[PDB]
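Below: one structure, written as structure tokens.
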Amino acid sequence: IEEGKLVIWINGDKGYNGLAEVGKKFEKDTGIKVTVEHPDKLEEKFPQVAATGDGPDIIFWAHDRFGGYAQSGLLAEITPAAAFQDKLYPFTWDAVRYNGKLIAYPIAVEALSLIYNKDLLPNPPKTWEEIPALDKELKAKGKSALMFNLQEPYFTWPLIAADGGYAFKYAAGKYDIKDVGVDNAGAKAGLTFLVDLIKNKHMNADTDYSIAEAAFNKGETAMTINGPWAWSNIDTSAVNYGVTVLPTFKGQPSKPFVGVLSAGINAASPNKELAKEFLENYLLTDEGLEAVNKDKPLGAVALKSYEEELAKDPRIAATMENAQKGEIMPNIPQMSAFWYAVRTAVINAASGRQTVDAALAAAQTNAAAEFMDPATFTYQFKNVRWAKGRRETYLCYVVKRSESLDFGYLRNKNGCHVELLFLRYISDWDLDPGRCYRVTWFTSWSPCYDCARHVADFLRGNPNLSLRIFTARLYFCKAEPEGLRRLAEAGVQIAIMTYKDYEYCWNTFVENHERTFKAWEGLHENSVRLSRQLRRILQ
Ligand SMILES: [Zn+2]
């Protein structure tokens, strides 16, 4: 990493040459030259390169991604003048706020919008309730009213959320993972409305992005719900269209997910102050943002002054309108669990393979935080002698891919050893045999021969899956060691919980009320002791 010299990383699809011209104006007036680069998979590269105290001085990406960057401590905290804060829209500053502090500068704004055909529809509907009524009109001319990407949440969510559905309630500079508004009466209202639209075949419920794009661009469908990314195509489709506010369900506006292109400063950078000078006084100006926008469109922007001028275009104005009506994309990691838990729910509510409340309750509880009790964890996970006394096995689980997540814990119910429960839990959970998943366990006791047997069978039956098990203690009552040898030859990686593992569990699956991990006496000794026994068993 250089000094007296800025290096900036922006994605290839966003207009870099304009930013480089801005960087040239900076160099001209300053003498500090800046290099604008657009490398490949930079959202991946940067997290690696930054950890070594390297990489660019500034990083441009969607604000959602910057959460994991902030958690890894790769982004410097910024404290810009309350007078400068005002230059931009207040809601854009909440997108760059992680754990009650600012890690980035807001730049641009993306959000969904209602795209309608000006010929077929001179006057688009202001409500979702008009859509069936208007659908049956155009149905008579061999046309459809509305078609969009029904298969995926990002697109379907705005209708769901309009009556007060939400992902995680934003407390104040913070989301709590414990609370989720997925199964709320309003989400049920919006979702049921969607289900009614697909029941009457106002739209097929098989629809995807490509089908809806083909439909609208060839003049078949009057309205589609989509983003600036898709504007250029429709421009070259020769279709006369307009972009406007999403329709209002139950009188309340629909809530897309606002994305926010943001510039963030690498915490490893010595040039932090240089970066701030450049971003504030050069980039975030009418002049700088205009020069950037010329190279490639930014859509709506955070800077009020330039955003009034860009608002002279009603499309961009509509984007911004829907953004302010919408809700900031949460940057927290449990969002991984949100998507995957919603994605599959709406589909099952769409086909009708389950009911609305069933799908939404399933999704509600799947993407939501249940954290243990501290004393329960402390009592159940102790690896000592005389711990043969404790009765019911506990199991903390993480479902990985690393890509996506789901966390939780299970205990012995009526019958049903926890391993069998877990198998039942994940089995209900569909899976793509094309894709690969990585499951990690943390258990009180080991598995039992039966539990062992079944799990090994399950692993053989699902060769896409890979399992690793961290266990505090080994259970018996000849039998169980073999059972563990099956699991061995089955390709399961079995290990005993070391201190680092206890720390991990303590900071992951347990509600500690922000208390550190206190090692109880004889932890390491028993750990290596059980390790000797385990290594003796497996070999
Ligand atoms: Zn068992």
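Following the order of the structure tokens, chains are lettered A, B, ..., residues in each are numbered from 1, and ligands are numbered from 1.
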Sorted by chain and rising residue number, which residues of chain A lie within 9 Å of ligand 1, and what are their closest atom pairs and distances in Å to one decimal, counting only C-alpha atoms and all ligand atoms, as a tab-separated table?
```
residue	atom	partner	partner_atom_place_in_ligand_line	distance
A:416	CA	ligand 1	1 (Zn)	8.0
A:417	CA	ligand 1	1 (Zn)	5.0
A:418	CA	ligand 1	1 (Zn)	7.4
A:419	CA	ligand 1	1 (Zn)	6.9
A:420	CA	ligand 1	1 (Zn)	7.6
A:446	CA	ligand 1	1 (Zn)	8.5
A:447	CA	ligand 1	1 (Zn)	5.5
A:448	CA	ligand 1	1 (Zn)	3.9
A:449	CA	ligand 1	1 (Zn)	6.4
A:450	CA	ligand 1	1 (Zn)	5.5
A:451	CA	ligand 1	1 (Zn)	4.0
A:452	CA	ligand 1	1 (Zn)	6.8
```
Please identify all polymer residues within 10 Å of residue 42 of chain A, counting only C-alpha atoms, omitting same-chain residues fewer than 5 positions from it, and present them as a list in words.
->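 Contacts, with the query itself left out: residues 9, 10, 11, 12, 37, 47, 48, 49, 55, 59, 60 and 61 of chain A.
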Give me the residues within 9 Å of segment 270-280 of chain A as a list in words, counting only C-alpha atoms and dropping any in the same chain fewer than 4 places off.
-> residues 1, 2, 3, 4, 5, 6, 23, 26, 32, 57, 58, 76, 78, 80, 84, 105, 263, 265, 266, 284 and 285 of chain A
Can you list every residue in segment 3-165 of chain A that DSSP puts in strand (DSSP E), as a VMD selection string?
-> chain A and resid 6 to 9 34 to 37 58 to 62 104 to 110 113 to 117 144 to 146
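Taking only C-alpha atoms into account, residue 426 of chain A lies nearest to A:462 out of the set A:462, A:404, A:154, A:300.
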Do a neighbour search on segment 290-298 of chain A at 12 Å with only C-alpha atoms, toss out local chain neighbours closer than 5 positions, and write the hits as a PyMOL selection string.
-> chain A and resi 10-25+107-111+228-229+231-232+259-262+282-285+303+305-307+309-310+316+319-320
Please provide the set of residues having any atom within 8 Å of segment 182-195 of chain A, restricted to only C-alpha atoms, with same-chain residues fewer than 5 positions apart removed, written as a list in words.
->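 Near segment 182-195 of chain A, the qualifying residues are residues 159, 160, 161, 162, 163, 164, 165, 166, 167, 249, 346, 349, 350, 356, 357, 360, 361, 363 and 364 of chain A.
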Written file, previous selection with N, CA and C atoms, as a short mmCIF file (atom, residue, chain, number, x, y, z; two decimals), in the first residue's frame:
```cif
data_model
loop_
_atom_site.label_atom_id
_atom_site.label_comp_id
_atom_site.auth_asym_id
_atom_site.auth_seq_id
_atom_site.Cartn_x
_atom_site.Cartn_y
_atom_site.Cartn_z
N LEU A 159 -44.26 -5.64 -2.60
CA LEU A 159 -45.69 -5.85 -2.38
C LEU A 159 -45.99 -6.43 -0.99
N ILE A 160 -45.13 -7.34 -0.55
CA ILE A 160 -45.27 -8.00 0.76
C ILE A 160 -45.12 -6.98 1.89
N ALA A 161 -44.08 -6.17 1.78
CA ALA A 161 -43.70 -5.23 2.84
C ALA A 161 -44.60 -4.00 2.98
N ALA A 162 -45.40 -3.71 1.96
CA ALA A 162 -46.17 -2.45 1.91
C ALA A 162 -47.09 -2.23 3.10
N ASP A 163 -47.71 -3.31 3.58
CA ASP A 163 -48.57 -3.26 4.77
C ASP A 163 -47.80 -3.47 6.09
N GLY A 164 -46.48 -3.32 6.06
CA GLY A 164 -45.64 -3.36 7.27
C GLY A 164 -44.78 -4.60 7.47
N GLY A 165 -44.57 -5.37 6.42
CA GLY A 165 -43.53 -6.40 6.44
C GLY A 165 -42.17 -5.74 6.49
N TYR A 166 -41.25 -6.36 7.22
CA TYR A 166 -39.87 -5.87 7.34
C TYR A 166 -38.93 -7.05 7.59
N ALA A 167 -37.65 -6.84 7.30
CA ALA A 167 -36.64 -7.89 7.46
C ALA A 167 -36.15 -7.99 8.91
N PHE A 249 -50.41 -0.71 -2.01
CA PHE A 249 -51.27 -1.76 -1.48
C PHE A 249 -51.83 -1.32 -0.14
N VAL A 346 -42.08 -18.06 -0.42
CA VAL A 346 -42.94 -17.48 -1.49
C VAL A 346 -43.23 -18.47 -2.64
N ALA A 349 -45.63 -20.91 -1.41
CA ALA A 349 -46.91 -20.19 -1.34
C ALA A 349 -47.48 -19.89 -2.74
N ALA A 350 -46.60 -19.89 -3.74
CA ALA A 350 -46.97 -19.58 -5.13
C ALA A 350 -47.62 -20.78 -5.80
N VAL A 356 -50.33 -19.98 3.05
CA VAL A 356 -49.66 -18.69 3.27
C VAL A 356 -49.02 -18.62 4.66
N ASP A 357 -49.82 -18.88 5.68
CA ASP A 357 -49.35 -18.78 7.07
C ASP A 357 -48.33 -19.84 7.44
N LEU A 360 -45.04 -18.63 5.61
CA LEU A 360 -44.54 -17.41 6.28
C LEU A 360 -44.12 -17.62 7.73
N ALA A 361 -44.79 -18.51 8.45
CA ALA A 361 -44.32 -18.92 9.80
C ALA A 361 -43.00 -19.71 9.72
N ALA A 363 -40.72 -19.57 7.27
CA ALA A 363 -39.74 -18.53 6.92
C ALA A 363 -39.41 -17.60 8.10
N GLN A 364 -40.44 -17.22 8.85
CA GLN A 364 -40.31 -16.32 10.02
C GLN A 364 -39.31 -16.87 11.03
#
```
Would you return as a PyMOL selection string the members of segment 298-405 of chain A that DSSP assigns to helix (DSSP H, G or I) on this structure's backbone?
-> chain A and resi 304-310+314-325+335-351+356-366+374-380+387-389
Nearby residues (only C-alpha atoms) at most 9 Å from residue 225 of chain A, same-chain spacing under 3 positions excluded, as number ranges by chain | A: 112-116, 146-149, 155, 212, 246
Print the selection's residues with N, CA, C and O atoms to a file, as a compact mmCIF listing (two decimals), in the first residue's frame.
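Okay, this is what ended up in result.txt:
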```txt
# COMPACT_ATOMS: atom_id res chain seq x y z
N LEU A 112 -36.11 -0.56 -6.96
CA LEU A 112 -37.09 -1.00 -7.96
C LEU A 112 -38.07 0.12 -8.30
O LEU A 112 -38.27 1.06 -7.52
N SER A 113 -38.65 0.01 -9.48
CA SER A 113 -39.60 0.99 -9.99
C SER A 113 -40.59 0.32 -10.92
O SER A 113 -40.34 -0.76 -11.46
N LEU A 114 -41.72 1.00 -11.11
CA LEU A 114 -42.78 0.51 -11.98
C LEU A 114 -42.54 1.01 -13.40
O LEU A 114 -42.63 2.21 -13.66
N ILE A 115 -42.24 0.07 -14.29
CA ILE A 115 -42.04 0.37 -15.70
C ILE A 115 -43.31 -0.01 -16.46
O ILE A 115 -43.73 -1.16 -16.43
N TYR A 116 -43.91 0.97 -17.13
CA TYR A 116 -45.17 0.78 -17.86
C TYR A 116 -45.02 1.19 -19.32
O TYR A 116 -44.19 2.05 -19.66
N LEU A 146 -49.54 -7.07 -15.91
CA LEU A 146 -48.32 -7.02 -15.11
C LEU A 146 -47.60 -8.38 -15.10
O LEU A 146 -48.22 -9.41 -14.87
N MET A 147 -46.29 -8.34 -15.35
CA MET A 147 -45.42 -9.52 -15.25
C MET A 147 -44.05 -9.12 -14.76
O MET A 147 -43.45 -8.17 -15.27
N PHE A 148 -43.54 -9.86 -13.77
CA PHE A 148 -42.19 -9.63 -13.24
C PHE A 148 -41.55 -10.90 -12.65
O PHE A 148 -42.10 -12.00 -12.76
N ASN A 149 -40.38 -10.73 -12.03
CA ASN A 149 -39.55 -11.83 -11.54
C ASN A 149 -40.13 -12.41 -10.25
O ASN A 149 -39.63 -12.16 -9.15
N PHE A 155 -37.70 -8.89 -5.79
CA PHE A 155 -38.76 -8.34 -6.66
C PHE A 155 -40.16 -8.44 -6.06
O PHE A 155 -41.00 -7.55 -6.24
N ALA A 212 -40.14 -12.22 -18.10
CA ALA A 212 -40.77 -10.90 -17.91
C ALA A 212 -40.11 -9.84 -18.80
O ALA A 212 -40.80 -8.97 -19.34
N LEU A 246 -44.08 2.76 -7.59
CA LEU A 246 -44.76 1.47 -7.42
C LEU A 246 -46.18 1.67 -6.89
O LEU A 246 -46.43 2.61 -6.13
```
Between A:178, A:400, A:513, A:535, single out the one closest to residue 367 of chain A, counting only C-alpha atoms.
->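 Ranking A:178, A:400, A:513, A:535 by distance to residue 367 of chain A, first place goes to A:178.
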Name the residues in contact with residue 407 of chain A at a cut-off of 10 Å, using only C-alpha atoms, excluding same-chain residues fewer than 2 positions from it; report them as a list in words.
->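 My list of contacting residues is residues 334, 337, 366, 367, 368, 369, 370, 371, 396, 397, 398, 399, 400, 405, 409, 440, 508 and 509 of chain A.
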